[PDB]
Structures are given as structure tokens and as C-alpha cells.
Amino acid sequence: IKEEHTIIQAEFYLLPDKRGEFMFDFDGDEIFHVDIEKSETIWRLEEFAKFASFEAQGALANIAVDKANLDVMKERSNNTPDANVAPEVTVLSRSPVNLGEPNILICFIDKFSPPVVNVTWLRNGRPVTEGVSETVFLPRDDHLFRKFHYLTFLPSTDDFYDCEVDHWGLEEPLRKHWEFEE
């Protein structure tokens, strides 16, 4: 045997949005992240909660330093900005699609920065705001980000779905398309 694994402590602070983030990653998946504002630990899977604990204050403290560092970086680079990098959007079902059998739709947003976006699900061209959830900004090997948006749904021939992603590095919103296929 031999256990090769990688744990990452990803964190950042962004301006002007003023958004911060602190999360841990295991072999590519999120273990948990902290709700900076509500100052609390959110586990990716509920079960993880009874096997450990993390002091959310720890994250806030860090984000403080991070926030500050950003200013030195801006003062050191004479506030020179960079381009924005638009995401690749992909939509696939979490499991094999069987009619009338409840499945999930995954909108995969990847290779992008800054770490911000506006995502919207469309069930027959109608925005969906129920049965949806999203992950926070996830680390990649390089310097970019990836994310996940989920949409609970019931497979039916009469239906078609769309995942709309907007990012500053895009002219017009990207609207990927998923429609039941047998």
C-alpha cells in the first residue's frame, strides 16, 4: 500500500468586491470552508461534522492578514490590474438519466479569475431558484478557479435546461445547454 494525498488550505481576499474566502481541500474536493460573515464552519458533506472541528475564527484572522496584504500588493504593483479570465462552462447530470427517476444537474464552471460569477439555472427558459445549491470557489493546480452549481430535477422528455454563467472576462453571458438524451 501507499497513501498519496494532498490537503490544501486555499484562501483569498478580493477587491473591490471585498469578498474573502478560506477553505480546505482534500485530493481535489472541499472538506469545508468558512462563512466569513456568519463566522462558521460549513462542511461539504454533513457527516464530516462529527469527525472533526475547526475554529472559524482562525479563518477570519487569516482573511484579515490577507485583506491587508492585498493593499501592500496594490501599493507595490502601483495598482496595475490584469485581464479577467472567462470560465469554461459544462453541464452534465450527476448520474445516468432515467425518466421520472430524480437526478441532479451539475453546471461546471472552470479556469477563471477573478473568483466571482453570477450563475442562473433555466428550466425551459424559466429561472430556477429551488432545488439549487453551489460550492464556493475551488482551487485548481494553477492560479485559476473552478466551481459547481447543482440543480435538482426530474427527467422528462418535455424538458430542457440551461446553465447561464456571467463573468467580467466575458462579452455576453455564456449559456450552456442540457436536454434529456436517451
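Numbering starts at 1 and runs along the sequence shown.
Colleague: Would 140-148 or 113-121 have the larger average of its C-alpha temperature factors, as given in the entry?
Modeller: The recorded data point to 113-121.
Colleague: Tell me which stretch has the larger mean Cα B-factor in this entry, 59-67 or 36-44.
Modeller: Stretch with the greater average CA B-factor: 36-44.
Colleague: Quick one: classify residue 83 as lowest, middle or highest third of the chain based on its Cα B-factor.
Modeller: According to the entry, residue 83 has a C-alpha B-factor in the chain's highest third.
Colleague: Taking the C-alpha B-factors as the PDB entry records them, is residue 169 in the lowest, middle or highest third of its chain?
Modeller: Tercile = highest for this residue's CA B-factor.
Colleague: Is residue 135 in the lowest, middle or highest third of its chain when residues are ranked by C-alpha B-factor?
Modeller: Its C-alpha B-factor, which the entry lists for residue 135, ranks in the lowest third among residues of this chain.
Colleague: Check where residue 17 lands among this chain's C-alpha B-factors and tell me if it's the lowest, middle or highest third.
Modeller: Within its chain, residue 17 is a middle-third residue by C-alpha B-factor, going by the deposited values.
Colleague: Taking the C-alpha B-factors as the PDB entry records them, is residue 158 in the lowest, middle or highest third of its chain?
Modeller: Highest third.
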